[PDB]
Amino acid sequence: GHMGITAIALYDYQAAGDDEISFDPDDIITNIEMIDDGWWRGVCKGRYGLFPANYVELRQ
Ligand SMILES: [Mg+2]
């Protein structure tokens with residue numbers, strides 16, 4: 001419900017810093033904020049931070 005904008009990971013991503021998150025393919029990213037065109041912010045598996053926008057696919 002209150003998950004905001006959500007997406008599915010298209011690829012593996014390893015956080016390059018403590019301000020980034022990591023995810024595996026098919027993981028769900030929620031509460032997405034599109035703070036810029038290349039990098040978004042959201043929640044994945046209880047972690048909060050930045051990730052590359054083109055590594056995910058928006059749901060609906
Ligand atoms: Mg991984």
Side-chain angles (χ1 to χ4, degrees):
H2 196 170
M3 299 253 105
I5 300 177
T6 71
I8 302 290
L10 295 170
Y11 326 103
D12 191 75
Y13 183 74
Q14 300 187 101
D18 290 338
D19 52 343
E20 299 178 15
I21 55 160
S22 294
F23 44 70
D24 308 318
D26 299 323
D27 279 339
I28 308 176
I29 305 91
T30 69
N31 302 93
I32 289 173
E33 313 167 47
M34 304 185 180
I35 58 176
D36 72 285
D37 60 325
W39 291 83
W40 297 346
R41 188 162 61 209
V43 179
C44 187
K45 301 184 288 192
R47 302 298 232 274
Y48 173 90
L50 300 165
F51 65 90
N54 76 293
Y55 278 55
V56 308
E57 173 176 284
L58 290 171
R59 310 225 307 190
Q60 287 192 355

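Residue numbers start at 1 and run along the sequence shown. Just so you know, these numbers use all the heavy atoms, side chains as well, and skip hydrogens, waters and symmetry mates.
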Going by side-chain heavy atoms closer than 4.5 Å, which hydrophobic residues are tied to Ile8, directly or by a chain of links?
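In the cluster with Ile8 are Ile28.
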Tell me the closest heavy-atom pair linking [X] and [Y], and the distance in Å.
| X | Y | result |
| --- | --- | --- |
| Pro25 | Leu10 | CB-O, 4.2 Å |
| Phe51 | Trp39 | C-CE3, 3.3 Å |
| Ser22 | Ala15 | OG-N, 2.8 Å |

Identify whether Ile35 and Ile21 are in the same connected component of the hydrophobic contact network (ILVMFWY, side-chain heavy atoms under 4.5 Å).
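Per the 4.5 Å side-chain linkage, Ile35 and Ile21 are co-clustered.
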Do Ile29 and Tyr48 sit in the same hydrophobic cluster, where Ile, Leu, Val, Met, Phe, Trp and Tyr count as joined when their side-chain heavy atoms come under 4.5 Å apart?
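As far as the 4.5 Å side-chain criterion goes, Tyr48 and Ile29 are not connected within one cluster.
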May I have all residue pairs that pass salt bridge (charged side-chain N to carboxylate O under 4.0 Å, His left out) and include part of [range], sequence neighbours excluded?
| range | value |
| --- | --- |
| residues 31-46 | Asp24-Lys45, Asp27-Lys45, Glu33-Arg41 |
| residues 47-60 | none |
| residues 6-22 | none |

I need the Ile5 CD1 to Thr30 OG1 distance, nearest 0.5 Å.
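Spacing of CD1 (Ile5) from OG1 (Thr30) equals 11.0 Å.
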Nearest-0.5 Å distance, CD1 of residue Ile32 to SG of residue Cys44:
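If we round to the nearest 0.5 Å, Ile32:CD1 and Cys44:SG are 9.5 Å apart.
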Residues forming a side-chain contact (heavy atoms from CB on, under 4.5 Å) with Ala53, sequence neighbours excluded:
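Per chain and number, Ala53 pairs via side-chain contact (heavy atoms from CB on, under 4.5 Å) with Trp40.
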Partners passing ring pair (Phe, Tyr, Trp, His ring centres under 6.0 Å) against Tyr55 (at least two apart in sequence or in another chain):
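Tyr55 satisfies ring pair (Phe, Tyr, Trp, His ring centres under 6.0 Å) with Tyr11, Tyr13 once adjacent residues are dropped.
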